[PDB]
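See structure below.
All ligand and atom numbering here is 1-based and tracks the order in the structure. Each chain gets a letter, A, B and so on, in the order the sequences are listed, and its residues count up from 1.
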Amino acid sequence: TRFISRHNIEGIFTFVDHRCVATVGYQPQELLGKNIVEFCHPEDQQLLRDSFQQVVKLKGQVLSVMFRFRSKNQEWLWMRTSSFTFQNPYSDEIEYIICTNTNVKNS
Amino acid sequence: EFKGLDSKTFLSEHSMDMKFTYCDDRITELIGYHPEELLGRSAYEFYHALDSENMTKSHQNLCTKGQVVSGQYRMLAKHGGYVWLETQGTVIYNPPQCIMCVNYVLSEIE
Ligand SMILES: CS(=O)(=O)c1sc(OC2CCCCC2)c2c1[C@H](O)C(F)(F)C2
């Protein structure tokens, strides 16, 4: 029950794996270009922004965040996004965040 | 004219036994494989014989450390030959669920 997503430091979806349709309902074309914060519960938006800003400072370590994502079926799904920044060591291009997004329980 | 570093970078996902559970469509332009023909197969089946022991050590390290950077290694291409790769591997645990791989083909492509 998971999909891979690639983001810019701002949180914009720059790559989405097709398994997102099962997970949240949207086709990859409906998420690309959009920011991940746009699909987030208003109570979790700041936390998700602070996690994206901190995962940059953590030198490639994994940082996990739990938040509510509005699915295409108009439901708040509990997501666990595990993320890390990747920078190709042969270059000095800006780092991009790589995420694993899974629908988990809050019990 | 050749491909750049981003164009030669693909993502792959594996279960803890090295099996492919996901691969980015970009691997077709680089190595020739199709993500569906890799699913269920072990990553180990693709390493060059001379790079086998090093990748075993990298996997053992990855399992204990949580993240690893492989050395330069060779992967068998679809129509014979071997390309040189360098991968950054990261284990996704449940605070192990899977291994995420950011793979970069060092070899000169297109
Ligand atoms: C983190 S690593 O040791 O660099 C590493 S490279 C790799 O597979 C290659 C990825 C690119 C296409 C050919 C196969 C794998 C690992 C882990 O041991 C794994 F289990 F996830 C499987």
Report yes or no: is the cationic atom of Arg68(A) (NZ for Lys, CZ for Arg) closer than 6.0 Å to the six-membered ring centre of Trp76(A), at no more than 45° off its axis? no
Using a strict cut-off of under 4.0 Å between a residue heavy atom and any atom of ligand 1, list the qualifying protein residues by chain and number. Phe10(B), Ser12(B), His14(B), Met18(B), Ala43(B), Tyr47(B), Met55(B), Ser58(B), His59(B), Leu62(B), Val68(B), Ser70(B), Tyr73(B), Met75(B), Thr87(B), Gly89(B), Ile99(B), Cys101(B), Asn103(B)
With a 3.5 Å cut-off and sequence neighbours excluded, list the donor-acceptor pairs that the side chains of residues 93-101 of chain A form with protein atoms.
unit_1    : atom_1 : unit_2   : atom_2 : d
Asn101(A) : OD1    : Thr81(A) : OG1    : 2.6
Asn101(A) : ND2    : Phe3(A)  : O      : 3.3
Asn101(A) : ND2    : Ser5(A)  : OG     : 3.1

When the side chains of residues 30-42 of chain A are checked against the rest of the protein, which donor-acceptor pairs come out under 3.5 Å, sequence neighbours left out?
unit_1   : atom_1 : unit_2   : atom_2 : d
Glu30(A) : OE1    : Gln27(A) : N      : 2.9
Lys34(A) : NZ     : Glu30(A) : O      : 2.8
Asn35(A) : OD1    : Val37(A) : N      : 3.1
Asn35(A) : ND2    : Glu10(A) : O      : 2.9
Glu38(A) : OE1    : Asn35(A) : N      : 3.3
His41(A) : ND1    : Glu43(A) : N      : 3.2

How are the rings of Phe20(B) and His14(B) set to each other: parallel, tilted or perpendicular (split at 30° and 60°)? tilted
Going by ring pair (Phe, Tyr, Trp, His ring centres under 6.0 Å), name the residues that satisfy it together with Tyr90(A), two or more places apart in sequence or in a different chain. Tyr104(B)
Classify the ring geometry of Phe69(A) against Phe13(A): parallel below 30°, tilted from 30° to 60°, perpendicular beyond 60°. perpendicular
